Structures are given as structure tokens and as C-alpha cells.
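Numbers restart at 1 for each chain; the letters A, B, ... are given by sequence-line order, proteins then strands.
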Amino acid sequence: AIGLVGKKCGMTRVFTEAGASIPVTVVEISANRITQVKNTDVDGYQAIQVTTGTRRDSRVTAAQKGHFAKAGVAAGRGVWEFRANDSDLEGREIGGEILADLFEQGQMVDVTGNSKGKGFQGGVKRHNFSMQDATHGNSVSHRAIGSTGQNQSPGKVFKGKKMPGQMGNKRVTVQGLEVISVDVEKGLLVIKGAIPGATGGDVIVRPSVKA
Amino acid sequence: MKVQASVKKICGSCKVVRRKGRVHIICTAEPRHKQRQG
Amino acid sequence: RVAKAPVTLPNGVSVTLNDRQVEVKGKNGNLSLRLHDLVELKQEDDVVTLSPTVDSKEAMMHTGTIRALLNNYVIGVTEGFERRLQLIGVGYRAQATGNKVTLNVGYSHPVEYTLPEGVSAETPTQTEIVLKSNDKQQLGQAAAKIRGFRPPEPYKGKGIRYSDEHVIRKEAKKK
Amino acid sequence: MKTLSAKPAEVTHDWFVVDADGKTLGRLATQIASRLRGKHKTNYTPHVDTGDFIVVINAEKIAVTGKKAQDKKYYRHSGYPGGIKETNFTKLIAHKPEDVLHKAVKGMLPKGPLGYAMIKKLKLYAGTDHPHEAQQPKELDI
Amino acid sequence: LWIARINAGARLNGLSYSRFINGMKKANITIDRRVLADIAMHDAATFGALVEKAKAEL
RNA sequence: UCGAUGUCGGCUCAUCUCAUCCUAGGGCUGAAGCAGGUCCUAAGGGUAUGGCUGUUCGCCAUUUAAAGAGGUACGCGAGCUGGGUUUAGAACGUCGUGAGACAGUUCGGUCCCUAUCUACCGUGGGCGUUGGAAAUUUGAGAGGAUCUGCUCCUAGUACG
RNA sequence: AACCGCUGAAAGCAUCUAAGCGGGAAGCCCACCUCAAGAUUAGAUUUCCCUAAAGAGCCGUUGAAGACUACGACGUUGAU
């Protein structure tokens, strides 16, 4: 139930001997250093905290420097927690190591990332609203929202109405993705599929919850 | 069964049974005699 | 009437009452029922008389059912209860192996039923199940559960049916 | 001679512990509501909180009569179209046990700033223990 | 307000407000609810004696 | 309501009901099977594209698991359209001596408003959270999602 | 839920129900994804700091982040 944090390196293909192209995405896995083990006695729940990447010393606060020093690890670019159970808290000690060995070839994974940000978007792109007529006398409402409600009853707009607003740049999970290849010496994780986000983004790969 | 406002025993093998405050006719001879009030 | 009828205790069987929980112990085994808080239980020479705490219709209707359950427990501990299921069909068959009974009736898959703790099944032939139990309730529930995998059909009688169960028969291709 | 008010700085709130074990929900709730309001005190003034802190244990053991454990419905609207949700007394006792008695008392308290301040003195817990031995509540059979 | 204070005071030692007012009426005590609530709030012993009178009258 | 509450239809965007159209669970059957018919439960999802006509509808073609019935100012013109109805031009039939008229027809005929408050979609500032800070988090709760065809196999078996 | 029960009395029988014990729907509550402590009941844990500290911000170079913001990165001990 624990995963690892990597960086989206970009997309490519893997060819099979039958001549099928598999769309894959490449994840750089630096070492996931364990910075804290949360247990039920102290925190009320079981989790593993890891860090990965690096920061320069001038960019790490005194509080975070002490947090990393208590574990014995080097400061990473971020800190991520994975909810675990007694089975997961087996060989996981503070200052310990999590590599790409966590996953096997052919294992289904869930991958989470920040989607690409589209900024402010209209209803047509954000919610697949139909466009109104391009011609036929249509005035200046070609990509307009259309009606936003009923009449006097209810005399308001219902909450959760689909409107323009910020699109993308949100946490998104894609489930049911296959591990195409694992390599740990090079920190390589090759996964079948799309992987939300841009290249260089932080991605979290966990074992698939559908199973 | 027949769900209706008037449930009455039909043949003579029908029973009026009430369960959960509701009136049924249950017949041991004719399965289409089964009635429930409602 | 049922409430006023006393429960005659055979030589082997015995009943004890500890904190509103009657236990019947005898040669077959041990059964127990929770005594309703509107019924009192008193014992005499090899007989148990159970009577309402107050003279009321509700208390009498509860002591009737306590008497009936106690009588069933006494008989089920002195000799036990037995139920018989028949299977009718071309390839319908049953096999009892321990506490788990398998039935091949008409599905793309045999059905496997685990008997409740207290009911024992044996199949002398392949189309006949004999169930034995201490309590009539658990025996009847096991029989109903097994019979509900393929209840009898009116047009040919196929299915699992109770022995001495009247199955309605209808005629196919009528005019 | 005049009729004086209670002067909040001069008022003292006493701590009491109530066992809600097998007691009727509304019959207990009215008593608690009166104690939280301070109606049992001769300095009662409706614009001052003169109440007492009430700590209720065994909140999951409170009782209702009739068929109300399965027919008493708790509705809420979430603010979204069609967002009407319903739950049972028994399901709510299993899920959030304190909310049955909290809801009953909130219904009986006045609805305004002072009422919000008086419901804050109701400390209700499922189970036989409360974390308020420091306040030394006196056992109150009400 | 006075009636609420007197009810609190009478229930503090003994009977309810309604029975207290009946007892005062039977005892021929002409003290008004304003003074009664003042004594309930500011003189607990005097209100106790006043309640004892109404209680002895019933 | 006449010191003005814009009409039908379409478009866009919906929201609710259940007297349920499909899908789900059932009882009865003049239920052999496959298919149905009725009624009970069930509102989670889903629930065509075209030809004609301004049409709603309706008929028709071809589909679909299905092409539900409704409420919402017969939802929705300070969101769009302007084909019909319902100004002024003109003509036909008809009525009138006539000026004219016609839920008769025909051709033509300006749709304004930069959003204050409520609402809603997003996105910030402040303060608070019992000294302050950097992080990581539990989850009271809320939203989203929930559809379904066909082929093979069981098995050309059960049934006939 | 409808519906089907087991045992069972009221009501010697019968009976799914009154006591008790079962099965059972795309529906309900979880489970999946996202948000979530202004949940003013403002929760938890790990570190850091207190004669202007720990930090945060301004400013600058900026970004598959973006209306402005915010958010992410970096500012010579540096590839922003």
C-alpha cells in the first residue's frame, strides 16, 4: 500500500516481438529515503514518510534540517506520506531506503500527479458544453454558457453548476497501469500509459487499489 | 400475488394472515388466490 | 392449551435454568433457549410446568411458544430430528462429504453448501439427502437452504423437494 | 429596589456528570437543556449564561420508546440539488453516538449567540469515562 | 422574569411555583412577585422560611 | 401584476417527481423453452439520428437495451434565435355602397441594457485557531462516478 | 425493499411474526477518485526558534504555474 515518488521523464514506446507498440512513460526514481515512520500509538494511524531529490542547504529551513537530521537522511525536494498497515511497516525503518524494486514487471499501479494547467477555461473546453450556432443569426454567444437555471422557481443557480473557471493543475490519479519495466541501478520505471502532468513533474506510483 | 384494497378469502382453503400489520390471503390450493392489502 | 400442557422429561434428559437461559442436556447433546421475561419455569417430578408471570393474553402467547420450543428441545435431545430431501431430474445428484454437501442439479457449476454447526447430512443414494439434527429449527433451516438451490418446478417436478411435500403439477403445451 | 441581572463575571458554572444509560432521549434532553440554560438558579437572567457544565457518559446507551429506534429519521440537506440525506436513530447511534443527544438538546436550546454559548457547556461522551476528572463533576441523576 | 426566579427558588427548596403561589394565597401573604424574586435571588434563608410557610399551608 | 410579469417553437444549459421506458429484484400467469402479459419493489445510471411541416405534436425511414410520463413562469430571449402568432406595404378569396374587415391565405417586415445585491463558477486578501515557525498529516463532512450491447463457452444441453 | 422462508404460539390445527433465527435489488451506508480542521468542537505528529530569533515577505531571474493573484524553482555557497 506504500508507493514511491518519481519524476515524469516523458513518453515513448516499447516495441514487442509481435510488433505491437506499447505507449509507455518513463519515471526517474531517485532514492526514496524514509524520514519518519508513523504508528498508531503516536499518530493514531500508520504511515511512511519519505523524501526524494535534493535541496541546497540555503533552501532548507532549520525545522526541516532538524527533521531530516533526526532520520539521518539528506534533504529532498519534497516530503510525501504513504498510508500503510502492519504488513507494510515490516522492513521500513527511519532513514531506510525505498527503490524501484518496490514494483515488479506486469504489476498494476495507480499513478498520481498534478495535471497540466489550462488556466481559466470556458464551459466548452472545461465541461464539454456544446457550442451555439456559428451562423444563423447567432449574436455574440457562440461559446456562451447558455441558460444557467430555471425561472422564479427556484429563483437561483444550483450549487455545482458547470461554469468557466480554473482547469487542470489539480491532483489526478490514473488507475490500472502496467509496469512495463523496472530498473533500480538506473532508477528507471517504465509504465504503460499517459501519467498526468508534464515532464519534470512529481508523480506518485502506488500499487493499484482495484486489484 | 394480487395487491389490492379488498382482500377476501375466495375458495375455502384461503387463510387471512396478518404480518407486519398487513393483511394477506394465503391459499394452499390456488396460488393465484394469494392477495395482499395495498 | 399449549402453554398449560406440561413438558414431560424422559429419564436421560434434564433442564436447568440459570439467569433466564434454559439449558436442556441429554443423550444427543445440549440445547438452550432464552426464557422470555414474561414466563416462569418450575420443575416437578420429571416434568416442567411453565406458566405466565401475569394472567394476560400476551404472557400466555409467549409461554405457549416457550413451551413448544422446550418440548421440541426435549424430543430433539432424547432422539433428534430427521428430514429427507429428494432430487428429481435427469442428472440431478447430491453427495454428502462431511459437513459440506455438493449438488449437481442443472447449473454450469455444482453448488456447494456448508451445513450449519449441528446438522449432519448423509446421502445413501445419489438423489436423496438425509439431514439429522438436535434442534428442529436448525434442521429446517438447513433443509430450506438446500431445497432453495433448485426448488421443484410444476411442469416436470424437477428440483430438490421435501419428502412428503406436495408439489403442484401443471401441464405443458395446453390448448 | 430593582431587579438585578447576574453579572457574568460574578457567575460560576458548576460541573455535573450524568449517566445517560437507558434513559429516555427527550426526557433527559429537557433536563439537560434546563441545566445548560441555568433555569434552576435564582439568578437566572435570560441574557446571561447562568448554566452548568453537563458531562454525559454512556451517550450511546440512551433509549427511545415505541419503534423510534428504527423509525426516527434524521434529515439533512447538503446544499446541493437533490442533496437530501436521511439516517436512522440506530444507524446514527452506531456511527456518531453523541449526535443523537447533541441534536435533541440543540433543538431545545434557544437559537442565537447565547444558545450557541450554552451548548458549548455540554460535554457528551460515548462510554463510561470522560476526560474531565480535573473539573471534578458531581454525579447528577436527572 | 420574576416568575422564573421564584420557580427556581421554590424548586430549590421544595415545591413548584404553582404550588408555592397557591400556598402563599392560602397563607394570606400579599408579597408581590417582584419582591419575591428579589428575595429568591438575594436572601436564600428568608425565601426558605417563606417557602416553609406556603408548604405548611398545604 | 395595465406609472409593462415579453408569446409558440428551436438552440444552449439544466433541475426535480415517480404514475418506470431500459437495465436490477420479485409474485401470479391461459409461465414447457425462447419470448412475453400483469402487478409489487426500485429514480443509480441511461434513455437515437433523420424526411415533412414554424411547429410542440404527429406520421414516416432507419436504429437502440430503451427511444418513459411529467413539474420546474406549459424551466430557461438582462443566455442565443426570430420560422409562426401579432403593427405599419401589398395581393387573392370572401364580407361591406364604403372607409374597411377575416383563429382565411400569401409575399415582406429594427429582439436594447458595461451586473449593484442574492445565487453560482473560480481565485485571492484579512483575521482566528491559548507564544511563534517550517513541513507532514487524521478525517467530521462534501462532491464526482454509478449506463449498457454483442460474440464465444456452458450447450444445440435443460425444455420441447 | 418487494418477495421467499426456519422454528413458533396467540388460535391443541394452520400460520414468515407476536419472542427468536435466515435469504434477498443497478436502490441505501461504506468501499473508488477529488476536496476537506473557518470541523470557531479551528484536531494530530516531527522538527526549529525566541534581548527582532526561527522564519515570512518585498525585490530580482523566472516556470507545460497563471487574468491579477496564488503556486513551483532559483538569486553567485548560482544553471533561474
Quickly work out the [X] [atom1] to [N] [atom2] distance and round it to whole Å.
{"X": "C:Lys4", "N": "G:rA10", "atom1": "NZ", "atom2": "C1'", "answer": "13 Å"}
{"X": "A:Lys118", "N": "F:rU123", "atom1": "NZ", "atom2": "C1'", "answer": "19 Å"}
{"X": "B:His33", "N": "F:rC39", "atom1": "NE2", "atom2": "P", "answer": "20 Å"}
{"X": "C:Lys156", "N": "F:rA31", "atom1": "NZ", "atom2": "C1'", "answer": "17 Å"}
{"X": "A:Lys8", "N": "G:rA65", "atom1": "NZ", "atom2": "P", "answer": "11 Å"}

Can you tell me if [X] touches the phosphate of [N], counting only side-chain N or O atoms and a distance under 4.0 Å to OP1 or OP2?
{"X": "A:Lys162", "N": "F:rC120", "value": "no"}
{"X": "B:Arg32", "N": "F:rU38", "value": "no"}
{"X": "A:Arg56", "N": "G:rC74", "value": "yes"}
{"X": "D:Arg76", "N": "F:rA142", "value": "yes"}
{"X": "C:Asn72", "N": "G:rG8", "value": "yes"}
{"X": "C:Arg67", "N": "G:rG12", "value": "no"}
{"X": "D:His95", "N": "F:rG139", "value": "no"}
{"X": "A:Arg59", "N": "G:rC74", "value": "yes"}
{"X": "C:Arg83", "N": "G:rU7", "value": "yes"}

Answer yes or no: are the six-membered ring centres of F:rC113 and F:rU114 under 5.5 Å apart with planes under 30°?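 Stacking between F:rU114 and F:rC113 is absent - centres under 5.5 Å, planes under 30° not both met.
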By the stacking rule (ring centres under 5.5 Å, planes under 30°), does F:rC111 stack with F:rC112? no
Report yes if the distance between the aromatic ring centroids of D:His132 and D:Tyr125 is under 6.0 Å, otherwise no.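 Yes.
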Is [N] paired with [M], either Watson-Crick or G-U wobble, both distances below 3.5 Å?
{"N": "F:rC13", "M": "F:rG75", "value": "yes"}
{"N": "F:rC127", "M": "G:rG38", "value": "yes"}
{"N": "F:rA61", "M": "F:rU49", "value": "yes"}
{"N": "G:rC21", "M": "G:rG5", "value": "yes"}

Measure from the side-chain heavy atoms of C:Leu69 and tell me the nearest of G:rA19, F:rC121, G:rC33. G:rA19
Base orientation of F:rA4, syn vs anti, 90° cut from 0: syn
Earlier contact from the 5' end, RNA chain G, for C:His62 and D:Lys120: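 Of the two residues, C:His62 wins.
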Is A:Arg83 salt-bridged to A:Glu81, cutoff N-O under 4.0 Å?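 Looking at A:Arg83 and A:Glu81, the cut-off is not met.
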Select base, sugar-phosphate, or nothing to describe what D:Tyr80 touches, counting heavy atoms under 4.0 Å on all strands. sugar-phosphate
Over all strands shown, is A:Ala62 touching base, sugar-phosphate only, or nothing at heavy-atom distances under 4.0 angstrom?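 Sugar-phosphate contact only - A:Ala62 comes under 4.0 Å of backbone atoms but never of a base.
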On RNA chain F, nearest-nucleotide positions of D:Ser78 versus C:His109: which is more 5'? D:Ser78
